[PDB]
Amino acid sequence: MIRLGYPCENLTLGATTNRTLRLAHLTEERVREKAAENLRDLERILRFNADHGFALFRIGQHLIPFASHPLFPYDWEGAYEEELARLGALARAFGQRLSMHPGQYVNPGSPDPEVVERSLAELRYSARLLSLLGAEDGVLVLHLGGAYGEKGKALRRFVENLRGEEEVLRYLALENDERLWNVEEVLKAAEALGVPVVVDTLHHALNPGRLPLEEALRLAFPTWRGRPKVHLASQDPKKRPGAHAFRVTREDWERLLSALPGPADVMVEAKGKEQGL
């Protein structure tokens, strides 16, 4: 019925795939050491998951820090192809399903050519990384992003800018968000691009449109060739709308389990990570 996962890092290990660098004038060697630490921790996390009943993991965008930037100082695909092949082999042997979820700021439908350009470079890196890991059921999850007034044209720019992106499209799935795009709207975009829909339960509660959760899931599930994916989070009782609690509540778990039309892979999004259950 259900498989489970968590994103980016693991708290009990103190392992993370998401280290970056801030100091000025970075050197190739400083970047390589940070990438090495993120890669070693990805291995630690795959092995931990094999042992602890987790089949899913979202890799941090920073795994190879600044890999999509023009200034990235060496050929990361060449440097890491052998290591990524081995890590991908481990993930397949452990039956783990891998994903990435680019920043809020990756915005292929932006009216600004420089934002679109940065955004597509980040998606191409993410999709290339999943290919190098040999992540066949791998997913690259994306929001529909800003409206900028112009909400029909925004969705039009998004579809247009992505439709030629063959490698991105191999893994791309679209997600509803808490403010701008509900499941019904995202369904329409997903259809245009020929990709699946990931329902985020908390975003759906915050921004449901005219669909009950059970109906959202019933409509989104057939958009998958493989097992459908759902994102489960709980609203933090003290923070702004959409902020995740440290752990998912029994109530929200039970609400999803009741709503489910069939088997699903559930990505748990909580501050407690693997402790977020």
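The first residue of the sequence shown is number 1, and the count goes up from there.
Participant: Between 105-113 and 119-127, point out the one with the higher average CA B-factor as the PDB entry records it.
Facilitator: 105-113 has the higher mean C-alpha B-factor.
Participant: Comparing 146-154 with 175-183, where is the mean C-alpha B-factor higher?
Facilitator: Stretch with the greater average CA B-factor: 146-154.
Participant: Using the temperature factors in the entry, find which of 164, 88, 138, 73 has the highest value at its Cα atom.
Facilitator: Out of 164, 88, 138, 73, the record gives the largest C-alpha B-factor to 164.
Participant: By the entry's C-alpha temperature factors, tell me which of 60, 237, 65, 226 sits highest.
Facilitator: Of the candidates given, the C-alpha B-factor peaks at 226.
Participant: When the modelled residues of the chain are sorted by Cα temperature factor, does residue 264 land in the lowest, middle or highest third?
Facilitator: It falls in the top third of the chain.
Participant: Against its chain's modelled residues, does residue 188's Cα B factor rank lowest, middle or highest third?
Facilitator: CA B-factor rank for residue 188: highest third.
Participant: Going by the entry, which third of its chain does the Cα temperature factor of residue 211 land in?
Facilitator: Its C-alpha B-factor belongs to the highest third of this chain's values.
Participant: Can you tell me which third, lowest, middle or highest, the CA B-factor of residue 169 falls into for its chain?
Facilitator: Middle third.
Participant: Going by the CA temperature factor in the PDB record, which third of the chain does residue 79 belong to: lowest, middle or highest?
Facilitator: Within its chain, residue 79 is a middle-third residue by C-alpha B-factor, going by the deposited values.
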